[PDB]
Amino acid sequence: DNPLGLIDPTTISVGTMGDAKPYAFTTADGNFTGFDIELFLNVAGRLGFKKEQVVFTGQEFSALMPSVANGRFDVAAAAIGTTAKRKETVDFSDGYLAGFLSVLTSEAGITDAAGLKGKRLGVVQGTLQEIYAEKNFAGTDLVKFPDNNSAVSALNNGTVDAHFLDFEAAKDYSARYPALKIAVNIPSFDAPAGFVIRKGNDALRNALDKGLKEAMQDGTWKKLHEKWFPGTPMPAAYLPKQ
């Protein structure tokens, strides 16, 4: 039987990113790791799927949701913000991360949103950052990149003034390139990360929701958060209750 409506009932095919450190990324042997990866494998494990029964495929951010919508993957896990706009084509599990959208730059003069006037801002195609900048940073020239790596390369080259990306990923680039600093932090608590599933796949959605709640209640979520995001605040919503 196929109760979870999977492509193959013995395996879970997950669409992710090889370059979204520390959320999702690859090590030197090409295997996937990061917070979202370890959390997903933990949730899948509770559903009776061992680590060898979960396959990961790296894709550019913009291809993830359409690949799930087209039946290429059972799930997508890559700090995917939950929105009504995204809910038009896919379904989401309950939220498991809520953080900031960050402006990474070597220009100390940029201190807030109003500092982005007369600046060239990098965004990754299809991200919540692209939408936010189009709505709130009108007049700021946007430069669309397929990934963070290309955007940061143009930031290091001096072709863009700043790059707009996820807080933990901005922190990672700040460590890799010390001249780059997080100058602006924008709340994105209204779009928590959720595991993406095929629109209407209620059996897989409900089963992932059960595992996520259990991982949060037994303190697994807390342990994984402390590992991948040291010094980042943890909300009571995702921590053990009572």
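The first residue of the sequence shown is number 1, and the count goes up from there.
*Asks:* When the Cα temperature factors in the entry are averaged, is it 190 to 198 or 43 to 51 that ends up higher?
*Replies:* Going by the record's values, the stretch with the higher mean is 43 to 51.
*Asks:* When the C-alpha temperature factors are averaged for each of 103 to 111 and 124 to 132, which stretch ends up with the higher value in the entry?
*Replies:* Comparing averages over the C-alpha atoms only gives 103 to 111.
*Asks:* For the listed residues 76, 143, 79, 169, which one has the largest C-alpha B-factor as given in the deposited model?
*Replies:* If I rank 76, 143, 79, 169 by C-alpha B-factor, first place goes to 143.
*Asks:* Determine which member of 16, 232, 10, 220 has the highest CA B-factor, using the values in the deposited entry.
*Replies:* In this record, 10 carries the highest C-alpha B-factor of the candidates.
*Asks:* Mind checking which third residue 174 falls in for C-alpha B-factor across the chain?
*Replies:* It belongs to the lowest third of the chain when residues are ordered by C-alpha B-factor.
*Asks:* Can you tell me which third, lowest, middle or highest, the CA B-factor of residue 37 falls into for its chain?
*Replies:* It belongs to the lowest third of the chain when residues are ordered by C-alpha B-factor.
*Asks:* Comparing against every modelled residue in the chain, figure out the third that the C-alpha B-factor of residue 84 lands in (lowest, middle or highest).
*Replies:* Middle third of the chain for residue 84's C-alpha B-factor.
*Asks:* Ordered by C-alpha B-factor within the chain, which third holds residue 93? Give me lowest, middle or highest, please.
*Replies:* Its C-alpha B-factor, which the entry lists for residue 93, ranks in the lowest third among residues of this chain.
*Asks:* Considering every modelled residue of the chain and its Cα B-factor in the PDB entry, is residue 57 in the lowest, middle or highest third?
*Replies:* It belongs to the lowest third of the chain when residues are ordered by C-alpha B-factor.
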